[PDB]
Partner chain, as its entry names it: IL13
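Below you'll find only one chain, the form solved without its partner chain, shown as structure tokens.
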């Protein structure tokens, strides 16, 4: 719908009052765009912390998956938004959610090189043995991509 499109746009753009007003007028908090992204996906990806909190407070599906199987937690872990990762986990995000090629949030944090996020994911039960469809554990990805600090952390855990 028109309202749903406006809500997706407001969440992506970081417009807090607009998100609230659109939802009050009936915009679906779990509206989907052509990529299968929800407003929460977009706010989490773009690093809009307060909007993530607003969406979750007002009923967003914390574990919504887009058309390639990514959840908001995957996107925050990939981009490097630590506080958002923490809030998503508090609201029940699946720490071991697997996307189209079997990447977990820990795989993505290892890919892009976000050490503090790796540690948060580990402390919340991320599976260090998880293999993606390329046969890679998060430790394999960290080593492959030259993220030595992360590889060193993961090596202590086997």
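Positions refer to the first chain, counted from 1.
There is another form of the same protein, the form solved in complex with its partner chain; it is not shown, and what comes next is about it.
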Query raised in the report: According to a 4.5 angstroms non-hydrogen atom cut-off, is residue 128 in contact with its partner chain in the deposited complex?
Result: no
Query - Partner contact for residue 63 in the deposited complex: its partner chain, 4.5 angstroms, heavy atom - result: no
Requested in this report: Spell out, yes or no, whether the shortest heavy atom distance between residue 90 and its partner chain in the deposited complex is within 4.5 Å.
Outcome: no
Query - Distance check, residue 123 to its partner chain in the deposited complex, heavy atom within 4.5 Å - result: no
Report task. Please name which of the stretches 23-31, 113-121, 95-103, 48-56 has residues with heavy atoms lying within 4.5 Å of its partner chain in the deposited complex. Result -> 95-103
Requested in this report: Would you give me the residues of 3-40 that have any heavy atom within 4.5 Å of its partner chain in the deposited complex, in order from first to last?
Outcome: 12, 33, 34, 35, 37
